[PDB]
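**Q** Sending over a structure as structure tokens; questions will come in a sec.
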Amino acid sequence: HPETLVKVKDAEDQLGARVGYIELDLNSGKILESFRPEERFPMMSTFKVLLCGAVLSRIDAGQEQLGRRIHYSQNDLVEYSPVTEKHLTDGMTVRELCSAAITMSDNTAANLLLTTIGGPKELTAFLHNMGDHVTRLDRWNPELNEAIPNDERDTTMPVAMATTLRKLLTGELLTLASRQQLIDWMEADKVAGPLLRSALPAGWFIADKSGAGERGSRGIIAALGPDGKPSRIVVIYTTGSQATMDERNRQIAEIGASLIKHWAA
């Protein structure tokens, strides 16, 4: 059972592509191990957690409401919108939009949420305010998944994403209610079965969010731990590979198996 860093490097070889990885202690925020922690990768759909962070922050400040109902139309629908495409008549609440965005990676829900905050620039501004000057969202769905080589648009670094995720989940940035909601959404993720969840023993907790983009881009952010409590943050990205979606999933699942098999170390 390879050690995690050995498996991550092996994943680069198998995939013919850069893989970035970091593991943080959730409590302390201490980096436990990392690989290409300070290189940039497309965030892809993992941005949606940060987006819902921004939305929750607005909620906490009285500028937004969980129950606010948004009506929208056919023209707003983009590909991979399994929830939003069913609510053209009745609309959806902000709460339901964040659920759909995080748990089903509903692309239209994420655009709708971007509108509520005034666009990708406002997410980037929210990030800057929290101290994250690396992570940047520049475009909307679907364009933000283009993953053009060395384009810094819509990118993060594993270390920036990991830290920012920790601040959202455990910091004072969001109220206790909002922090809990955010983690509850990520716990309820439905579309990341083939990734770290496929390696997870019964009884563990995981709150995650996946992403896939062009040019083989794939990744996942997670808070996970044994005994029903998250204790570490794991962030994994890759971009460039020509491997199949299944192949890229497998490598990420295998990185997950390693970190699980060595967790007690």
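In the structure tokens, chains take letters A, B, ... by order of appearance, with residues numbered from 1 within each chain and ligands from 1 in the order shown.
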Which residues are near segment 137-139 of chain A? Cut-off 8 Å, only C-alpha atoms, ignore same chain within fewer than 2 positions. Put them as a list in words.
**A**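 The contact residues come out as residues 47, 120, 121, 123, 124, 135, 141, 143, 144, 153, 154 and 155 of chain A.
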**Q** Restricted to N, CA, C and O atoms, what would the selected residues look like written as a compact mmCIF listing (two decimals), in the first residue's frame?
**A**
# COMPACT_ATOMS: atom_id res chain seq x y z
N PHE A 47 -15.00 25.52 -6.86
CA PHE A 47 -15.26 26.91 -6.50
C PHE A 47 -16.63 27.09 -5.82
O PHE A 47 -16.83 28.05 -5.14
N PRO A 120 -18.43 36.78 -10.64
CA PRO A 120 -17.17 36.18 -10.26
C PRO A 120 -16.17 37.13 -9.58
O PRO A 120 -15.44 36.70 -8.70
N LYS A 121 -16.13 38.40 -10.00
CA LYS A 121 -15.31 39.39 -9.37
C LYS A 121 -15.63 39.58 -7.92
O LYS A 121 -14.70 39.86 -7.14
N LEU A 123 -16.82 37.24 -5.91
CA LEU A 123 -16.26 36.09 -5.17
C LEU A 123 -14.77 36.30 -4.92
O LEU A 123 -14.25 36.07 -3.80
N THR A 124 -14.08 36.69 -5.96
CA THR A 124 -12.67 37.00 -5.82
C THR A 124 -12.45 38.09 -4.75
O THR A 124 -11.58 37.97 -3.90
N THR A 135 -6.47 32.36 -4.89
CA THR A 135 -7.66 31.80 -5.53
C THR A 135 -8.38 32.93 -6.26
O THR A 135 -8.48 34.04 -5.71
N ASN A 141 -20.00 29.60 -15.37
CA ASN A 141 -20.16 28.32 -16.05
C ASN A 141 -20.78 28.54 -17.41
O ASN A 141 -21.74 29.31 -17.49
N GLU A 143 -17.68 28.32 -19.04
CA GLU A 143 -16.34 28.72 -19.51
C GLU A 143 -15.22 28.56 -18.48
O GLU A 143 -14.08 28.39 -18.89
N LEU A 144 -15.53 28.63 -17.18
CA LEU A 144 -14.50 28.56 -16.19
C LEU A 144 -13.79 27.22 -16.10
O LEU A 144 -12.78 27.10 -15.41
N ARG A 153 -6.59 32.15 -14.87
CA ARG A 153 -7.98 32.39 -14.67
C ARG A 153 -8.59 31.16 -14.03
O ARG A 153 -8.30 30.02 -14.39
N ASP A 154 -9.42 31.43 -13.03
CA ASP A 154 -10.21 30.37 -12.40
C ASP A 154 -9.38 29.28 -11.77
O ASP A 154 -9.76 28.11 -11.84
N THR A 155 -8.26 29.68 -11.15
CA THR A 155 -7.30 28.77 -10.55
C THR A 155 -7.18 29.00 -9.08
O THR A 155 -7.52 30.05 -8.56
**Q** Extract, using only C-alpha atoms, all DNA, RNA and protein residues at most 12 Å from residue 100 of chain A, discarding same-chain residues fewer than 3 positions from it, and format them as a PDB file with N, CA and C atoms, in the first residue's frame.
**A**
ATOM      1  N   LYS A  48     -17.567  26.181  -6.089  1.00  0.00           N
ATOM      2  CA  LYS A  48     -18.940  26.346  -5.653  1.00  0.00           C
ATOM      3  C   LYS A  48     -19.049  26.376  -4.132  1.00  0.00           C
ATOM      4  N   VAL A  49     -18.126  25.699  -3.434  1.00  0.00           N
ATOM      5  CA  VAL A  49     -18.084  25.751  -1.970  1.00  0.00           C
ATOM      6  C   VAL A  49     -17.731  27.154  -1.513  1.00  0.00           C
ATOM      7  N   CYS A  52     -20.674  29.368  -2.116  1.00  0.00           N
ATOM      8  CA  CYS A  52     -21.704  29.269  -1.085  1.00  0.00           C
ATOM      9  C   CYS A  52     -21.203  29.864   0.236  1.00  0.00           C
ATOM     10  N   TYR A  80     -25.403  20.141 -17.521  1.00  0.00           N
ATOM     11  CA  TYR A  80     -25.239  19.511 -16.212  1.00  0.00           C
ATOM     12  C   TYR A  80     -25.893  20.319 -15.109  1.00  0.00           C
ATOM     13  N   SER A  81     -27.216  20.403 -15.202  1.00  0.00           N
ATOM     14  CA  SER A  81     -28.075  21.175 -14.303  1.00  0.00           C
ATOM     15  C   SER A  81     -29.275  20.291 -13.890  1.00  0.00           C
ATOM     16  N   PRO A  82     -28.981  19.169 -13.223  1.00  0.00           N
ATOM     17  CA  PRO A  82     -29.988  18.153 -12.934  1.00  0.00           C
ATOM     18  C   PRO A  82     -31.094  18.608 -11.987  1.00  0.00           C
ATOM     19  N   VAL A  83     -30.795  19.581 -11.138  1.00  0.00           N
ATOM     20  CA  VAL A  83     -31.811  20.097 -10.207  1.00  0.00           C
ATOM     21  C   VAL A  83     -32.538  21.269 -10.820  1.00  0.00           C
ATOM     22  N   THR A  84     -31.778  22.273 -11.243  1.00  0.00           N
ATOM     23  CA  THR A  84     -32.357  23.478 -11.709  1.00  0.00           C
ATOM     24  C   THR A  84     -33.251  23.273 -12.926  1.00  0.00           C
ATOM     25  N   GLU A  85     -32.928  22.293 -13.783  1.00  0.00           N
ATOM     26  CA  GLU A  85     -33.771  22.062 -14.949  1.00  0.00           C
ATOM     27  C   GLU A  85     -35.169  21.568 -14.575  1.00  0.00           C
ATOM     28  N   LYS A  86     -35.381  21.105 -13.331  1.00  0.00           N
ATOM     29  CA  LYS A  86     -36.695  20.613 -12.885  1.00  0.00           C
ATOM     30  C   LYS A  86     -37.543  21.688 -12.218  1.00  0.00           C
ATOM     31  N   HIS A  87     -36.998  22.893 -12.026  1.00  0.00           N
ATOM     32  CA  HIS A  87     -37.702  23.964 -11.287  1.00  0.00           C
ATOM     33  C   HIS A  87     -37.918  25.262 -12.048  1.00  0.00           C
ATOM     34  N   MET A  92     -36.238  28.246  -7.250  1.00  0.00           N
ATOM     35  CA  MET A  92     -35.551  27.620  -6.136  1.00  0.00           C
ATOM     36  C   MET A  92     -35.101  28.651  -5.151  1.00  0.00           C
ATOM     37  N   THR A  93     -35.005  28.258  -3.895  1.00  0.00           N
ATOM     38  CA  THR A  93     -34.493  29.142  -2.866  1.00  0.00           C
ATOM     39  C   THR A  93     -32.983  29.171  -2.912  1.00  0.00           C
ATOM     40  N   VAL A  94     -32.416  30.199  -2.344  1.00  0.00           N
ATOM     41  CA  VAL A  94     -30.971  30.314  -2.194  1.00  0.00           C
ATOM     42  C   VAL A  94     -30.423  29.019  -1.542  1.00  0.00           C
ATOM     43  N   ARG A  95     -31.084  28.574  -0.482  1.00  0.00           N
ATOM     44  CA  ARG A  95     -30.691  27.341   0.185  1.00  0.00           C
ATOM     45  C   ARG A  95     -30.668  26.174  -0.777  1.00  0.00           C
ATOM     46  N   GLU A  96     -31.748  26.037  -1.550  1.00  0.00           N
ATOM     47  CA  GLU A  96     -31.828  24.928  -2.503  1.00  0.00           C
ATOM     48  C   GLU A  96     -30.794  25.075  -3.606  1.00  0.00           C
ATOM     49  N   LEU A  97     -30.471  26.313  -3.971  1.00  0.00           N
ATOM     50  CA  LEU A  97     -29.429  26.527  -4.990  1.00  0.00           C
ATOM     51  C   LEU A  97     -28.052  26.088  -4.491  1.00  0.00           C
ATOM     52  N   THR A 103     -24.049  19.686  -3.863  1.00  0.00           N
ATOM     53  CA  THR A 103     -24.299  18.248  -3.783  1.00  0.00           C
ATOM     54  C   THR A 103     -24.461  17.530  -5.108  1.00  0.00           C
ATOM     55  N   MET A 104     -24.909  18.281  -6.110  1.00  0.00           N
ATOM     56  CA  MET A 104     -25.133  17.741  -7.435  1.00  0.00           C
ATOM     57  C   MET A 104     -24.255  18.406  -8.490  1.00  0.00           C
ATOM     58  N   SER A 105     -23.409  19.325  -8.077  1.00  0.00           N
ATOM     59  CA  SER A 105     -22.629  20.159  -8.975  1.00  0.00           C
ATOM     60  C   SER A 105     -23.467  20.724 -10.139  1.00  0.00           C
ATOM     61  N   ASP A 106     -24.594  21.287  -9.759  1.00  0.00           N
ATOM     62  CA  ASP A 106     -25.528  21.886 -10.710  1.00  0.00           C
ATOM     63  C   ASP A 106     -24.926  23.193 -11.208  1.00  0.00           C
ATOM     64  N   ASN A 107     -24.591  23.221 -12.496  1.00  0.00           N
ATOM     65  CA  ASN A 107     -23.885  24.375 -13.044  1.00  0.00           C
ATOM     66  C   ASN A 107     -24.718  25.618 -13.132  1.00  0.00           C
ATOM     67  N   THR A 108     -25.999  25.478 -13.484  1.00  0.00           N
ATOM     68  CA  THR A 108     -26.887  26.632 -13.517  1.00  0.00           C
ATOM     69  C   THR A 108     -27.107  27.184 -12.121  1.00  0.00           C
ATOM     70  N   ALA A 109     -27.242  26.314 -11.131  1.00  0.00           N
ATOM     71  CA  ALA A 109     -27.427  26.826  -9.735  1.00  0.00           C
ATOM     72  C   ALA A 109     -26.253  27.694  -9.356  1.00  0.00           C
ATOM     73  N   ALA A 110     -25.040  27.267  -9.702  1.00  0.00           N
ATOM     74  CA  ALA A 110     -23.875  28.080  -9.417  1.00  0.00           C
ATOM     75  C   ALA A 110     -23.917  29.431 -10.130  1.00  0.00           C
ATOM     76  N   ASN A 111     -24.322  29.472 -11.418  1.00  0.00           N
ATOM     77  CA  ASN A 111     -24.464  30.776 -12.095  1.00  0.00           C
ATOM     78  C   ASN A 111     -25.502  31.671 -11.425  1.00  0.00           C
ATOM     79  N   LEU A 112     -26.601  31.065 -10.999  1.00  0.00           N
ATOM     80  CA  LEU A 112     -27.656  31.823 -10.370  1.00  0.00           C
ATOM     81  C   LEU A 112     -27.136  32.474  -9.088  1.00  0.00           C
ATOM     82  N   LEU A 113     -26.311  31.721  -8.352  1.00  0.00           N
ATOM     83  CA  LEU A 113     -25.723  32.167  -7.121  1.00  0.00           C
ATOM     84  C   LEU A 113     -24.688  33.239  -7.380  1.00  0.00           C
ATOM     85  N   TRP A 185     -23.784  20.661   3.648  1.00  0.00           N
ATOM     86  CA  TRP A 185     -23.924  20.534   2.172  1.00  0.00           C
ATOM     87  C   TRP A 185     -22.861  19.638   1.562  1.00  0.00           C
ATOM     88  N   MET A 186     -21.622  19.866   1.968  1.00  0.00           N
ATOM     89  CA  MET A 186     -20.504  19.114   1.436  1.00  0.00           C
ATOM     90  C   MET A 186     -20.565  17.628   1.874  1.00  0.00           C
ATOM     91  N   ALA A 188     -23.273  16.003   2.095  1.00  0.00           N
ATOM     92  CA  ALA A 188     -24.351  15.453   1.341  1.00  0.00           C
ATOM     93  C   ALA A 188     -24.029  15.365  -0.165  1.00  0.00           C
ATOM     94  N   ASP A 189     -22.782  15.604  -0.527  1.00  0.00           N
ATOM     95  CA  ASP A 189     -22.326  15.474  -1.905  1.00  0.00           C
ATOM     96  C   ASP A 189     -22.727  14.136  -2.486  1.00  0.00           C
ATOM     97  N   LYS A 190     -23.347  14.152  -3.657  1.00  0.00           N
ATOM     98  CA  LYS A 190     -23.882  12.943  -4.281  1.00  0.00           C
ATOM     99  C   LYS A 190     -23.079  12.467  -5.466  1.00  0.00           C
ATOM    100  N   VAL A 191     -22.179  13.304  -5.951  1.00  0.00           N
ATOM    101  CA  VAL A 191     -21.590  13.054  -7.253  1.00  0.00           C
ATOM    102  C   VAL A 191     -20.104  12.749  -7.201  1.00  0.00           C
ATOM    103  N   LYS A 209     -16.248  18.174  -2.227  1.00  0.00           N
ATOM    104  CA  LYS A 209     -16.755  18.733  -3.482  1.00  0.00           C
ATOM    105  C   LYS A 209     -15.761  18.451  -4.576  1.00  0.00           C
TER     106      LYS A 209
END
**Q** If you measure from atom CA of residue 224 of chain A to atom CA of residue 51 of chain A, what distance in Å do you get, rounded to one decimal?
**A**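 Distance between the two atoms: 20.6 Å.
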**Q** In Å to one decimal, how far is atom CA of residue 215 of chain A from atom CA of residue 251 of chain A?
**A**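 Pair atom CA of residue 251 of chain A / atom CA of residue 215 of chain A returns 16.1 Å.
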**Q** Got a sec: who's within 8 Å of residue 166 of chain A, counting only C-alpha atoms, leaving out chain neighbours fewer than 5 positions off, as a count of residues only?
**A** 4
**Q** As a PyMOL selection string, please: every residue in segment 26-137 of chain A that a backbone DSSP assignment puts in alpha helix (DSSP H).
**A** chain A and resi 47-60+94-103+107-117+120-129
**Q** Using DSSP on the backbone coordinates, identify all residues within segment 32-161 of chain A classified as strand (DSSP E or B); present the result as a list in words.
**A** residues 32, 33, 34, 35, 41, 42, 69, 70, 92, 93, 155 and 156 of chain A
**Q** Pick out the residues sitting within 10 Å of residue 34 of chain A, and hand them over as a list in words; count only C-alpha atoms, and ignore anything fewer than 5 positions along from it in its own chain.
**A**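 So the residues in contact are residues 4, 5, 8, 20, 21, 22, 23, 24, 158, 159, 234, 235 and 236 of chain A.
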**Q** Could you state the separation of atom CA of residue 183 of chain A and atom CA of residue 114 of chain A in Å, given to one decimal place?
**A**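 Between these atoms lies a distance of 19.7 Å.
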**Q** Find the spatial neighbours of residue 201 of chain A, counting only C-alpha atoms, within a cut-off of 12 Å - ignore same-chain residues fewer than 2 positions away - and output them as a PyMOL selection string.
**A** chain A and resi 196-199+203-206+224-228+256-257+259-261+263
**Q** Which residue out of A:37, A:131, A:91, A:213 has the minimum interatomic distance to residue 19 of chain A when only C-alpha atoms are used?
**A**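 Nearest candidate to residue 19 of chain A out of A:37, A:131, A:91, A:213: A:37.
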**Q** Nearest residue to residue 244 of chain A out of A:218, A:36, A:167, A:1, using only C-alpha atoms?
**A** A:218
**Q** For residue 140 of chain A, which of A:13, A:33, A:76, A:64 is the closest residue, counting only C-alpha atoms?
**A**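 For residue 140 of chain A, the nearest of the candidates is A:76.
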**Q** My list of candidates is A:157, A:182, A:162, A:56. Which is closest to residue 136 of chain A when distances are computed with only C-alpha atoms?
**A** A:157
